[PDB]
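Participant: The following block contains the structure, expressed as structure tokens.
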Amino acid sequence: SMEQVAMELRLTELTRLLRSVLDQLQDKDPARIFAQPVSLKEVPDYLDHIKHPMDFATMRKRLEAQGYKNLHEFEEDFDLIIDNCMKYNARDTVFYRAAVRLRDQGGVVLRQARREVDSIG
């Protein structure tokens, strides 16, 4: 139907905006701490601690299958990256501190993305 096509054009445009948002978020992680999944070879107990792992590569695979229906879903996954790290790692670590910085800096980007998703519809 033409209605289905139009919904698909909206999904595609959301996907384009989310890709730019994701690049901007990942620049706030110049150390690449959050680039890839936590390795189960190197942290074999990780899944006893963290139930829903997340990382930027995993987000990127989802995005390119147009798997985010809205910004809420995308923010949930970004929040998991930060929140998993701040539970698994202690306050006095390079990992926890990188999370806090990504959160603070990413909040700016997300504040305007929420306005752009609303605005462009």
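Labels for the structure tokens follow display order: chains A, B, ..., residues from 1 in each chain, ligands from 1.
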Need to verify the contact set: residue 28 (chain A), 10 Å, only C-alpha atoms, exclusion of same-chain residues closer than 3 positions in sequence. Can you return it as a ChimeraX atom specification?

Facilitator: /A:23-25,31-32,98-99,101-106

Participant: Which residue, A:41, A:27, A:80, A:36, has the smallest gap to residue 53 (chain A) when you use only C-alpha atoms?

Facilitator: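 Smallest distance to residue 53 (chain A) is found for A:80.
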
Participant: Considering only C-alpha atoms, state which residue in the set A:88, A:68, A:46, A:78 is at the smallest distance from residue 15 (chain A).

Facilitator: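 The closest residue to residue 15 (chain A) is A:68.
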
Participant: Report the distance between CA of residue 18 (chain A) and CA of residue 34 (chain A) in Å, rounded to one decimal place.

Facilitator: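 For CA of residue 18 (chain A) relative to CA of residue 34 (chain A), the distance reads 17.4 Å.
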
Participant: Per DSSP on the backbone, filter chain A down to the residues in alpha helix (DSSP H) and report them as a PyMOL selection string.

Facilitator: chain A and resi 2-26+46-49+56-64+71-88+94-120

Participant: Using only C-alpha atoms, which of A:86, A:19, A:33, A:93 sits nearest residue 61 (chain A)?

Facilitator: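 The shortest atom-to-atom distance to residue 61 (chain A) comes from A:19.
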
Participant: In terms of the shortest atom-to-atom distance over only C-alpha atoms, which of A:81, A:109, A:50, A:65 is closest to residue 96 (chain A)?

Facilitator: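 Checking each candidate against residue 96 (chain A), we get A:81 as the closest.
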
Participant: Mind pulling up the distance from CA of residue 107 (chain A) to CA of residue 67 (chain A)?

Facilitator: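 Those two atoms sit 22.1 Å apart.
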
Participant: Leaving out residue 52 (chain A) and any residue of its chain fewer than 5 positions from it, which residues lie within 12 Å of it when counting only C-alpha atoms, given as a ChimeraX atom specification?

Facilitator: /A:37-38,46-47,58,76-85

Participant: Could you check how far CA of residue 49 (chain A) sits from CA of residue 62 (chain A), in Å to one decimal?

Facilitator: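 One can read the CA of residue 49 (chain A) to CA of residue 62 (chain A) distance as 23.4 Å.
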